[PDB]
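One chain is shown next in structure tokens, namely the form deposited in one PDB entry.
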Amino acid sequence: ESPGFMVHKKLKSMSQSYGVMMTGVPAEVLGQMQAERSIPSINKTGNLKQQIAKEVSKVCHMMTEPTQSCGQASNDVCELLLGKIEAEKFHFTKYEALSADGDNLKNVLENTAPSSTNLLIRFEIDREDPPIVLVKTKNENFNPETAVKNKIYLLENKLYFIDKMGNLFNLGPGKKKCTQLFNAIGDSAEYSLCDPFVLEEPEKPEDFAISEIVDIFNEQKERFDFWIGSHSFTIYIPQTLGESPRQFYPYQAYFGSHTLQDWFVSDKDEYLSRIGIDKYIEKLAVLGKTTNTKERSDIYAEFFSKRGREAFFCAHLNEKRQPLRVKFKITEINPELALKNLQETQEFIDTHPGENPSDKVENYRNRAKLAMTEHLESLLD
């Protein structure tokens, strides 16, 4: 077996056995940082001992549930395979959009010697999520720091768009014009920006006001970014031995569904590997090109669901109804460095008391809970 493949075998075996321990963070450090993240949620004029018990329970619940994000798992894979410094450089490298057929990624792989290179690809899937409602609100009741994000807001004297991140965009009209639009619209709580009867066949003055706001917004759409992160994952392509066929392995977590450990325990990496990298890329290109909800949902579920949940993952309420796009970035891996990083993680794990891996994970969890509780009690007196 090639050194590059040993990286995959060891990363998979270690994640299957040790789960959360693979981050390498000492349990006391994790527990203290959990406490400090919980402090802003404790009302200090209230019952302190009861709130602390509540916050500790909430976090320790999450430690036994699928609460690893896809981005966290990708960050861990990249740090283990690249080391901290090079992973930081990888993080600042730009993503490239996958071409409509996937050719740009396919040709990069064809231009690399399968026997001579170890490749790590990081993928990001974005969904297109523009605002869909207009909110009319008096200036007195509008706080841009608290207002719901990804909506257009019409005040007496301002027309705003608050984006996904909470950035506040003045859409242009002056006070006189905003006042006019404000008083031309009725008193409903919200108004749709997508109504095709209102937009194409406007027949009331309110229809014309809303349609004018939509026009104003559409005219400057290149100021905004409507895309938001949907999923993150990595693919590792280790060097081949001799004339052996090149193989790829996808790695991921999916918050609320499964952790990276779950993923490896289910062998969905090996399952998907068997379709071949070319077919995998082709389906990704379809994912980022289709307009069909059913086809988008089916591919998303096939590639990214917890194993065995492919039929439900994107069913009904969870259908993928918005456009998606796929972007990627790629780097070579030094297998000697990756195997050294993995061995140093193994040495950190080996120091935890516990006969079986499951015993060591429980030791880690119990020490993080103790550290969290003592740190919370200390900080609050």
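Between two forms, the rigid core is the largest collection of C-alphas that superpose within 1.5 Å. Start at 1 and count along the sequence shown; that's the residue number.
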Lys176 dropped from a third or more of the other entries of this protein: no
Other PDB entries, at least a third, lacking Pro238: no
Given 255 to 263 and 187 to 195, the range whose Cα B-factors average higher in the PDB entry: 187 to 195
Comparing 63 to 71 with 39 to 47, the one whose average Cα B-factor in the PDB entry is higher: 39 to 47
Out of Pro131, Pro245, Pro250, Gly308, residue topping the C-alpha B-factor column of the entry: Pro245
Highest recorded Cα temperature factor - choice among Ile299, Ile237, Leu159, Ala113: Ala113
Among modelled residues of the same chain, the CA temperature factor third for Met33: lowest
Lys151 - which third its CA temperature factor falls in, relative to the rest of the chain: middle
Chain third (lowest, middle, highest) by recorded CA B-factor, residue given as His316: highest
Within-chain third of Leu380 by Cα B-factor, per the entry: highest
Lowest, middle or highest third - CA B-factor, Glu270: lowest
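The same protein has a further form, the form deposited in another entry, not shown here; the description that follows concerns it.
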Listed options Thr93, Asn292, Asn107, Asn139; Cα moving by 2 angstroms or more between the shown form and the other one (core superposition): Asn139
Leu11 C-alpha moves between the shown form and the other one by 2 Å or more, core aligned: no
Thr23 C-alpha moves between the shown form and the other one by 2 Å or more, core aligned: no
Is_shifted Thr345 between the shown form and the other one (CA, 2 Å cut-off, rigid core): no
Sense of the change in Cα distance from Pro323 to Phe217 in the other form - at least 3 Å versus the shown form: closer
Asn150 and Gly71, C-alpha gap in the other form relative to this structure (3 Å or more): farther
